[PDB]
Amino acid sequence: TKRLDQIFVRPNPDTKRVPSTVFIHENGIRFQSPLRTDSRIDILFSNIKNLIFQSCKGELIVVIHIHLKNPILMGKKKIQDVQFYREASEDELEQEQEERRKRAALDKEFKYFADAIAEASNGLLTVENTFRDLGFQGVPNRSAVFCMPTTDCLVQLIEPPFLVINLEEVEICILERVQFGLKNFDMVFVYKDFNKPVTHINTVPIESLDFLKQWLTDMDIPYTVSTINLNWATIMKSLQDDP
């Protein structure tokens, strides 16, 4: 049985951490909930919308992240995202070379397991990889974090709540608060489903604006530039009722 040992499962808000194993079976994966009273969690391949490998490069952990089509029960909550991670951690030079070695080994181990999940899904799943070189700093929640695209998504997987935007589902991206002086701007992702709450990524370094414009265009996502922060509460209620 293909397995990934000694990992930790998230979401885990406040339970003492306990290493566990993810096992691959005929129709999906199974693993131990980080919340003790829960009993084994099974996720069917057919319920996985995105299977993401995120390298530990520039981060403290390596990640396999699963974004679900339908929410599953775990830790008494219905959740749409589950992930497995491990933390990346003689003379000073050798200590640094060893750390690089371990980090490369960690990425390879996690990438192989993600590949084994895709293989067992018989065509259903494709491993998406985050592209660090295309990533940018921004604030979807409270802290400044690093958002990265894959071939199909824009994600933020380090700081919960985890964010997975499927690019095919985006109606438009409005770039807000871009002005003469300012050193940062705000992004709003509007989904084609107008009942879906828009996604704000605030405080993106102004120095990334041109790169994101092109990336957006490369992903066939229309954008509009705004000097101010728009309404959204108002704006969406419009599109929901009628144009």
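Start at 1 with the first residue shown and count on from there.
According to the PDB entry, the deposited sequence contains 10 or more residues between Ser89 and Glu90 that lack coordinates. Taking only CA atoms, the mean B-factor in the PDB entry is higher for 137-145 than for the other of 159-167 and 137-145. Higher mean CA B-factor, judged across 32-40 and 54-62 from the recorded values: 32-40. In this PDB entry, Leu230 carries a Cα temperature factor that places it within the highest third of its chain's modelled residues.
Sort the modelled residues of the chain by CA B factor and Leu68 lands in the lowest third. For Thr15, the recorded CA B-factor ranks within the middle third of the chain. Only modelled residues enter the ranking. Ranked by C-alpha B-factor against the other modelled residues of its chain, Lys2 falls in the middle third. For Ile48, the recorded CA temperature factor ranks within the lowest third of the chain's modelled residues.
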